[PDB]
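For reference, the structure is listed below as structure tokens.
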Amino acid sequence: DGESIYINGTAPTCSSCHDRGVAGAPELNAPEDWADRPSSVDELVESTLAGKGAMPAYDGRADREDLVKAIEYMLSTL
Ligand code: HEM
């Protein structure tokens with residue numbers, strides 16, 4: 001599911017950064033970190049595909065669908 005994707009079914013693995021908050025990556029169950037961001041999954045996924053700050057571009061490494069499933073999973077902890 002989205003959890004599987006987020007934890008291990010991603011390359012690079014989202015967990016590795018977001019679990020700890022590497023380079024200030026918006027963490028899980030941390031609504032404040034997301035409040036300011038365009039929380040809309042459909043927007044967040046673009047940021048994810050393109051890359052943001054330390055986050056590399058995902059375009060090709062993870063499909064929008066994969067990403068979406070991971071992102072909604074991330075957001076569901078907030
Ligand atoms: C794994 C595929 C993965 C997902 C999914 C993911 C999502 C994600 C979102 C939705 C954001 C916010 C986008 C926005 O602000 O519009 C976000 C932000 C950051 N991430 Fe991420 N992220 C995934 C993976 C990784 C990896 C592997 C790293 C560490 C190199 C990482 C880091 C960050 C950082 C830093 C940001 C934003 C920093 C900023 O400038 O605000 N993410 N991620």
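Here, residue 1 is simply the first one shown, and the rest follow in order.
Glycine residues also receive a Cβ, built from the backbone N, Cα and C atoms like all the rest.
The following features are taken from Swiss-Prot:
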BINDING   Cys14, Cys17, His18, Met55  heme c binding site
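Within the same chain, residues at least 6 positions away in sequence whose Cβ sits under 8 Å from that of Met55 (heme c binding site) are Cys17, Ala25, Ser47, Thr48.
Neighbour counts of Cβ atoms within 10 Å were taken for the binding-site residues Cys14, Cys17; the minimum is at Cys17.
Cβ neighbour count for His18 (heme c binding site): 19 (other Cβ atoms within 10 Å of its Cβ, all protein chains included). Secondary structure at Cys14 (heme c binding site), taken from DSSP and collapsed to helix, strand or coil, is coil.
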